[PDB]
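Protein chains in written order, with PDB author numbering: chain D, 1 to 208; chain L, 1 to 124; chain H, 1 to 138; chain P, 1 to 83; chain Q, 1 to 104; chain E, 1 to 150.
Just so it is clear, CB atoms sit at the ideal spot from N, CA and C, and this is done for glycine as well.
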Amino acid sequence: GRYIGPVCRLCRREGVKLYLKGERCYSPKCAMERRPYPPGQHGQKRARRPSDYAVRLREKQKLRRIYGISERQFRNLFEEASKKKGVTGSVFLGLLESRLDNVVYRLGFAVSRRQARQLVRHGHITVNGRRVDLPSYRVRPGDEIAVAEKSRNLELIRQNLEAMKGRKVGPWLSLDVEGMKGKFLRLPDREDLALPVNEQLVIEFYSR
Amino acid sequence: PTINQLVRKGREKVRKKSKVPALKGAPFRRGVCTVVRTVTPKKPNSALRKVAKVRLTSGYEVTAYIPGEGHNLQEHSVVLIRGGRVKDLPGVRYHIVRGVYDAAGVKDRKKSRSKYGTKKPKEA
Amino acid sequence: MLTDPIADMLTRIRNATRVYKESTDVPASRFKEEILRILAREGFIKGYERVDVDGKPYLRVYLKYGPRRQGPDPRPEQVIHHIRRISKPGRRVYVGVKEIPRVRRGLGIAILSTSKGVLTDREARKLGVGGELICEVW
Amino acid sequence: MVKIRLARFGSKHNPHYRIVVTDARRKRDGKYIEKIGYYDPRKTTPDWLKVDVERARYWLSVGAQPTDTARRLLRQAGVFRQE
Amino acid sequence: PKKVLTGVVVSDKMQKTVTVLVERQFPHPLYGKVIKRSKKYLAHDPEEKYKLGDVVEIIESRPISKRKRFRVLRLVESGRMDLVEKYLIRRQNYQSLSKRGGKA
Amino acid sequence: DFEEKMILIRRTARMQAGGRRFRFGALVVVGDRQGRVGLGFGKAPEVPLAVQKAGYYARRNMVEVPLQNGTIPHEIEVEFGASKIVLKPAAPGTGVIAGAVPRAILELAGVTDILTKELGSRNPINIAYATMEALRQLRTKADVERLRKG
RNA sequence: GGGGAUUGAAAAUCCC
RNA sequence: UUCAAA
RNA sequence: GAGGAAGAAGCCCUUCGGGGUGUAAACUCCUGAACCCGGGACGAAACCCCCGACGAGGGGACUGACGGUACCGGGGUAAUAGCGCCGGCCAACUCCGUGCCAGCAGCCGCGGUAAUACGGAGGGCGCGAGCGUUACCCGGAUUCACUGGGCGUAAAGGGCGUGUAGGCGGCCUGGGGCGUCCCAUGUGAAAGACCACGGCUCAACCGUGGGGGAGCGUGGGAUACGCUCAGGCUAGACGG
RNA sequence: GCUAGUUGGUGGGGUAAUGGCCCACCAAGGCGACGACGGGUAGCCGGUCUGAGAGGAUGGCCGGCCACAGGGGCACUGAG
Ligand SMILES: [K+]
Ligand SMILES: [K+]
Ligand SMILES: [K+]
Ligand SMILES: [K+]
Ligand SMILES: [K+]
Ligand SMILES: [K+]
Ligand SMILES: [K+]
Ligand SMILES: [K+]
Ligand SMILES: [K+]
Ligand SMILES: [Mg+2]
Ligand SMILES: [Mg+2]
Ligand SMILES: [Mg+2]
Ligand SMILES: [Mg+2]
Ligand SMILES: [Mg+2]
Ligand SMILES: [Mg+2]
Ligand SMILES: [Mg+2]
Ligand SMILES: [Mg+2]
Ligand SMILES: [Mg+2]
Ligand SMILES: [Mg+2]
Ligand SMILES: [Mg+2]
Ligand SMILES: [Mg+2]
Ligand SMILES: [Mg+2]
Ligand SMILES: [Mg+2]
Ligand SMILES: [Mg+2]
Ligand SMILES: [Mg+2]
Ligand SMILES: [Mg+2]
Ligand SMILES: [Mg+2]
Ligand SMILES: [Mg+2]
Ligand SMILES: [Mg+2]
Ligand SMILES: [Mg+2]
Ligand SMILES: [Mg+2]
Ligand SMILES: [Mg+2]
Ligand SMILES: [Mg+2]
Ligand SMILES: [Mg+2]
Ligand SMILES: [Mg+2]
Ligand SMILES: [Mg+2]
Ligand SMILES: [Mg+2]
Ligand SMILES: [Mg+2]
Ligand SMILES: [Mg+2]
Ligand SMILES: [Mg+2]
Ligand SMILES: [Mg+2]
Ligand SMILES: [Mg+2]
Ligand SMILES: [Mg+2]
Ligand SMILES: [Mg+2]
Ligand SMILES: [Mg+2]
Ligand SMILES: [Mg+2]
Ligand SMILES: [Mg+2]
Ligand SMILES: [Mg+2]
Ligand SMILES: [Mg+2]
Ligand SMILES: [Mg+2]
Ligand SMILES: [Mg+2]
Ligand SMILES: [Mg+2]
Ligand SMILES: [Mg+2]
Ligand SMILES: [Mg+2]
Ligand SMILES: [Mg+2]
Ligand SMILES: [Mg+2]
Ligand SMILES: [Mg+2]
Ligand SMILES: [Mg+2]
Ligand SMILES: [Mg+2]
Ligand SMILES: [Mg+2]
Ligand SMILES: [Mg+2]
Ligand SMILES: [Mg+2]
Ligand SMILES: [Mg+2]
Ligand SMILES: [Mg+2]
Ligand SMILES: [Mg+2]
Ligand SMILES: [Mg+2]
Ligand SMILES: [Mg+2]
Ligand SMILES: [Mg+2]
Ligand SMILES: [Mg+2]
Ligand SMILES: [Mg+2]
Ligand SMILES: [Mg+2]
Ligand SMILES: [Mg+2]
Ligand SMILES: [Mg+2]
Ligand SMILES: [Mg+2]
Ligand SMILES: [Mg+2]
Ligand SMILES: [Mg+2]
Ligand SMILES: [Mg+2]
Ligand SMILES: [Mg+2]
Ligand SMILES: [Zn+2]
């Protein structure tokens, strides 16, 4: 089961703020806000020049932790990326960005990814009409991701979909806040995203 | 060598010598203790490593190591062997798997329990 | 006795160039002459010419180098940095057009001998033929 | 004798047959002489039945004896339709 | 097609049968070098026609006996014991390598 | 302007009565990630001073790497002593496939795609020097052209 | 079989 | 004499 | 799942000021694995019968082990977490306990009173219904080097010669076309692998379609190099 | 170093059919350092794992071929 445990601690081990909570991570409290040092009894102690390896490990752990995906699944995507034509780095990101659970989150249907995930597992999500509770489901270009008719009235749904009014969204995505529909226009360009991650090191980590 | 020589003699392929010849290159092998001596290490170590001679089912009679803090092995304890040398005791190439057969698991063990065959203790 | 006249020529050239000779003779043979044509046209050697020495037919090979250099060791760069024999007596080497090698992403060459004559890897590739991969030069 | 019958491909609870020509004596999913079509029982695709009728007509011309089911499918593709 | 091989007659000591040495040439599967290799076929000569030293063609045929599965198709080049000689010598060297040895 | 990547630091020893007497050696690469790299090996009583000395040496002893879209103009092999280095060009997406020593020199040279292989003695010092020489030996079509003209 | 003396701790040596 | 001590 | 303290208690550490576990928990609010109720499959349309002519073609009927399963619709509970590591290689450090003991150890090595290496604890790293161990194969190993290694002193030139087989063979011309090269053509089962679409909500799994050729056979063609047969040449060798 | 049905021939026998497959006579011949004979191990392949590749390793599952049916021999029946 995708991690599930103290999360605003991973932010602390990566020395960078990851959004694994949506809000709370915006209001002075993602911990990174005054307490940016690693978790644990030695968190405040001076760090030692990390090994080329350490650097590469933490980088992958960053990107991977951002999407709350497992090593098993993360690796399988990367291997797929390698094989495919074109720059593995971007292509990899493109694939991570195509996970239904992620897209749900991108469209704002949920505040964080872990929430977006649950929304999927519980059928509150629809792809071209049909229900789909597979958070790893790969959204293709042209697919319409909406909210289940029966779920459109849920308290949590309104709140999030409300806050989405006026809010802009991914240049590769499009949100019709009305009927609570969204459309995966195209695979995001590396230029499209802006994750605190140097995918180049990630490729290197697996090249070892 | 010349190509003609290579055509004539060719290169010889490397053959691998097994380090755990306790036959059938099986993953483990069971046996019966014959002696449960204690032995002394080679320089620069000193201590009384626990060891046992095992009359193996592979038709072999080798000496295996008894890992962990204390054991319960005697002149007739049936045990399972796994292979793994004891760098300090020349001639000791296998370990005895604690937790299988007559080999009790280490008691009061709390960390590396898989090894030493120690069941998960209860937390009241 | 020379076991490989072509290898001999290739070396005579390799040797002369490492000490910056002007020319350098090599006992003449049509086949050697053929390779020199390529070498010349490709621009590795200024050019070559038939010459009689002691009554015997040779081939003056006029080598060429780069310009004098700066700092310690002003000795010019070699135009012919590398020149290695591939196919040899007792270990002959052939290639089909599809197996002709790409010597230094093209910045170099490979002289093969095809039934359509001695050609550079590019020339051969063009006429779509393969043959004995004689040497590589760069 | 030689026959025209279904060879089973696909997976568990997901059959996908192959209209094939083969010796009556060969194991069902063994080496066939020729593939002349395919058939999907659950018709999970609009293209669940195809049959190289020209070829089917060929083997029949030389002796291939079709299974009852094999015959059924051939008919659908108008193999015997002599209109 | 019925395989046709060319070789040398290195034995006419049988009734209606000749031994034909056939050389083969090919690149070594790993080392490249073109290498030779030979094999002797017992060919059928019912007319006791061909003799020691002839270069005949041999053709794949209906078994004539055990060993014999080739018939002499024709003569390519008559007389030339140089080849036979080579074979005979190589065979004589054998008399050497063993428990004793033969003169070189 | 110039980046600094420390390849390795070591503490050698010499002998005098009384005992050992340490010294420190530092291998530092300097580069602009745009075709310019330099190697430096400096030794001194203290590490810090050694590193600096290295960096300083690194700046003299620079090499003009002819990058071609993140890669090398062609493949090359160079032996420095018993150490050999194999540099092979690659298409984008490949990355810098190399041992710590070569990559450090390769990345600061502004190389982003390359196939590498360390042969013979993998003595870092010499492997680094083999690398510099390899790069230094790289030629461009224009260059070859210039040479072959006359 | 310690328990001391000695040892950095031992072996050894001298003590009970 | 053993192991280890700058 | 979201919210949730400048941050409970407990345990750990402390320079006794404080620091960790830690938004983690508690608690609030959402969702609703399990489970209950209802519906409930595809896979099965032939053989056969009737019309027609036992044909083509039309009609008709009987069949589901899986399974009341899958799937669908209602209702609906906060609801398993382990295992291995933290001296270097190798991501992760502190206290206490033990003393060359008890023990660890893949390799280098740890332990003879301050042990990040033993055992425990707190903390941390890694992975997660799995995590480790053993065994075995390829890799790293250009460490048998075809690609891709060596032999003065590191392992390695035979004590020397004569010479058999074999391997290797200078310059020019011609015939042949065996090697070699080029073009067609046959063969190269299916599955697998690769690419592209598809079917199970995804995937695993599966279906359809698409290149991909090496090897060998056949038929043409080329002749630089190697080969072979002819004839020449003196610069190798031999002789006077 | 090996070989006497051993190698070959003529004529028979036998088979769906070639053949020392078997037999009767007649020849002395066949094979080997390009590894005969002997010993050890092993079912082969499509393929599988690994590897940048060349290679290396492997042949469970599925597909093809072969061999066997407690261990040895033999035939009868039959398109087999
Ligand atoms: K050199
Ligand atoms: K009908
Ligand atoms: K203590
Ligand atoms: K510890
Ligand atoms: K290995
Ligand atoms: K010697
Ligand atoms: K000719
Ligand atoms: K007969
Ligand atoms: K194989
Ligand atoms: Mg890629
Ligand atoms: Mg080899
Ligand atoms: Mg064993
Ligand atoms: Mg010790
Ligand atoms: Mg341990
Ligand atoms: Mg040469
Ligand atoms: Mg050269
Ligand atoms: Mg070569
Ligand atoms: Mg080669
Ligand atoms: Mg005769
Ligand atoms: Mg006969
Ligand atoms: Mg130094
Ligand atoms: Mg330049
Ligand atoms: Mg170079
Ligand atoms: Mg060297
Ligand atoms: Mg080495
Ligand atoms: Mg002392
Ligand atoms: Mg003494
Ligand atoms: Mg000691
Ligand atoms: Mg929470
Ligand atoms: Mg409720
Ligand atoms: Mg049905
Ligand atoms: Mg029935
Ligand atoms: Mg009727
Ligand atoms: Mg329901
Ligand atoms: Mg429901
Ligand atoms: Mg409710
Ligand atoms: Mg570390
Ligand atoms: Mg202590
Ligand atoms: Mg450790
Ligand atoms: Mg799982
Ligand atoms: Mg690797
Ligand atoms: Mg190897
Ligand atoms: Mg080795
Ligand atoms: Mg070699
Ligand atoms: Mg070596
Ligand atoms: Mg010596
Ligand atoms: Mg020596
Ligand atoms: Mg000598
Ligand atoms: Mg010649
Ligand atoms: Mg010759
Ligand atoms: Mg000729
Ligand atoms: Mg030819
Ligand atoms: Mg073909
Ligand atoms: Mg196929
Ligand atoms: Mg799909
Ligand atoms: Mg296919
Ligand atoms: Mg001609
Ligand atoms: Mg040739
Ligand atoms: Mg014999
Ligand atoms: Mg007869
Ligand atoms: Mg007959
Ligand atoms: Mg016989
Ligand atoms: Mg024999
Ligand atoms: Mg032979
Ligand atoms: Mg015998
Ligand atoms: Mg044998
Ligand atoms: Mg067997
Ligand atoms: Mg078998
Ligand atoms: Mg390799
Ligand atoms: Mg095999
Ligand atoms: Mg099989
Ligand atoms: Mg039997
Ligand atoms: Mg049988
Ligand atoms: Mg039997
Ligand atoms: Mg039985
Ligand atoms: Mg029986
Ligand atoms: Mg019958
Ligand atoms: Mg019968
Ligand atoms: Zn956070």
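Secondary structure at residue i, three-state DSSP: helix, strand or coil?
i: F184/D; result: strand
i: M132/E; result: helix
i: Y50/Q; result: coil
i: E204/D; result: helix
i: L75/Q; result: strand
i: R91/Q; result: helix
i: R11/E; result: strand
i: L39/E; result: strand
i: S174/D; result: strand
i: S82/D; result: helix
i: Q115/D; result: helix
i: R20/E; result: strand
i: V7/L; result: helix
Is any non-hydrogen atom of ligand 10 found closer than 8 Å to the C-beta of residue i, if you look at the structure I gave you?
i: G93/E; result: yes
Consider the C-beta atom of residue i and the heavy atoms of ligand 1; say whether any pair is separated by less than 8 Å.
i: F80/E; result: yes
Which partner residues of residue i appear in the DSSP bridge assignment?
i: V78/L; result: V32/L
i: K36/Q; result: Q25/Q
i: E118/E; result: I85/E
i: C8/D; result: Paired residue(s): none; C8/D is not in a bridge.
Confirm the yes/no value for this check: CB of residue i, any heavy atom of ligand 64, distance under 8 Å.
i: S11/Q; result: no
Just to confirm, does residue i get its C-beta within under 8 Å of one of the non-hydrogen atoms of ligand 21?
i: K53/E; result: no
Is residue i near ligand 58, going by C-beta to nearest heavy atom under 8 Å?
i: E34/H; result: no
Do residue i and ligand 11 come close, with the Cβ less than 8 Å from some heavy atom?
i: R11/L; result: yes
For ligand 24, any of its heavy atoms closer than 8 Å to the Cβ of residue i?
i: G40/E; result: no
i: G110/E; result: no
My parser needs the beta strand (DSSP E) runs of 3 or more residues fully inside the stretch 66 to 110 of chain E; what are they?
Complete beta strand (DSSP E) runs here, min 3: 76 to 80 and 83 to 89.
Just to confirm the assignment: which complete alpha helix (DSSP H) runs, minimum length 4, are found wholly within the stretch 50 to 79 of chain P?
53 to 62 and 68 to 76
Within the stretch 32 to 67 of chain H, note down every full beta strand (DSSP E) run reaching 3 residues or more, in order along the chain.
For the stretch 32 to 67 of chain H, the continuous beta strand (DSSP E) assignments of 3+ residues that do not extend past its boundaries occur at 45 to 53 and 56 to 63, in sequence order.
Ignoring anything shorter than 3 residues or poking outside the stretch 50 to 116 of chain L, list the beta strand (DSSP E) runs there in chain order.
With a minimum length of 3 residues, the unbroken runs of beta strand (DSSP E) contained wholly in the stretch 50 to 116 of chain L fall at 61 to 65 and 78 to 81.
As an exercise, report each continuous alpha helix (DSSP H) stretch of at least 4 residues that is fully enclosed by the stretch 23 to 74 of chain D, in chain order.
52 to 66
Would you list, in sequence order, the uninterrupted beta strand (DSSP E) runs of no fewer than 3 residues that lie entirely inside the stretch 20 to 53 of chain P?
34 to 39 and 49 to 51
Stretch-stretch touch, CB-based, cutoff 8 Å, three pairs: the stretch 173 to 183 of chain D with the stretch 68 to 78 of chain D:
no
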